[PDB]
């Protein structure tokens, strides 16, 4: 095992890393996945007691949905039957004009469509909701892959093709039609890929800022009857909508014509089956995850319980997470984490104040972001009003229940377009082992799920908590000023609040941060420092402010506790195949580098373990990088 001076991650996690098998039903095992499993176990036990009666109606619905999802017997007995009439319906839509003419039913009955609606805040007016117009994803895990014809692309397409053909076989397609449909679908997928942003581009917010008038939406999609169908669910049609990506919607009328309709139709049919299959028998849900497992190198499907709990969470995660927090997250832990967050924000203000490169105007607006920043702590006091509109009925099968929730969800959101953003909507449920920052709300969220070992304990020392949870708190605050966040004001609106020289100085730090991670190895895979720049900025400035809470002259034993606890909180063991996929899409660097890279920027690291120039965890002073705290 390496010395802590040579490899912090392996000196701390190396014993666990070498001995811990990755279970065949997982692609990764980690501090967070193991905690997630523990949480799931407890909550499944609790929800199992709540069908007949529960504390509230939404919790009864949550329990009911879990019971349906968990009913292996029923789901086995039904098999593929529940989907068959949906597939017959799509199969009778043989032409583009019949597709258009059926569009009211397709929209009503929650079918796979070439555009899907999502409602959230307008980036140029964060006080109000806007309709976002999303579309299909590509089969390859990055749209940029289609630029290069090679063996990996062929292998990935073959894996998907094998899944898709077997799913069509399950519903009675002949060998001939399997092949024809899969080939036709790939042809749509290949043409789609030309108008889907590369993953690197998806890491920048401005990629999603694609406003268009309602008329322009009609000009782009009215030939399919989609805008008209959507409009029936709204009191008024909005003046402005937003395309999720730049190039897809404008090109939809090339992508989907009467002549190439059959390629869309094949893709739509395969994807409807794949989507609904998640709610059918255990065999069929497993079949529907085959391709993603191939990409992950995962030998087996997830456990039945993990799968059934996942389904209940699709629609009732906030309700479940609210119950989790009310039940298992203590008032004294909540008060101590609340105090920690207040302290970190206070120290972040001190750091902006002491900062020596920001000009006065820019520094003030940075402070404004810390001034309006809101904190969502543990779990919501009040459930979001969506939960006045979701329901689950006793006798429904799982697919019927899921289709209803989807319909209720779509109908609710179509009614939110004339309305102000509800600040009571949380972006994470209370039991989630995660945390977040939302630039549109300028807020930070810390679900109860993450506020326990291995991240936090009332019984741990302040230095341990700072390392386990403080750096996370700091990370989330830092997202307000990362390369995305810095583009929004303290009201959640995209607005340039930087001077030219300060914006130039900032850009150079971002550039240095990409360079600090670019090309580093994980499991044999190259890390993309541009892709991951936003998260590496947040890690760096988050660790910085958390370290500052140790005071001006910390004891070495506390400096050590901070780094050890941080390092342990990141213990992660993943399949090399999963790394390859993740490292092409995820804005986060891998866990080993999130541990070993950032620390070497900070004098407290050198002081903690008396790190010398010959040590593996030594960075030359002129390569050390800090952000606000300089």
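Numbering follows the first chain given and starts at 1.
If you average the C-alpha B-factors over 450 to 458 and over 128 to 136, the higher value belongs to 128 to 136. The deposited model assigns a higher average Cα B-factor to 424 to 432 than to the other stretch when 424 to 432 and 535 to 543 are compared. The residue among 204, 402, 288, 165 whose C-alpha carries the highest B-factor in the deposited model is 204. Which of 345, 216, 466, 514 has the largest Cα B-factor in the deposited entry comes down to 216. Among the modelled residues of the chain, residue 385 sits in the highest third by CA temperature factor in this PDB entry. Sorting the modelled residues of the chain by their CA temperature factor places residue 627 in the middle third.
In this PDB entry, the Cα temperature factor of residue 558 sits in the middle third of its chain's modelled residues.
Sorting the modelled residues of the chain by their CA temperature factor places residue 489 in the middle third. Placement of the Cα temperature factor of residue 329 within the chain: highest third of the modelled residues, per the deposited record.
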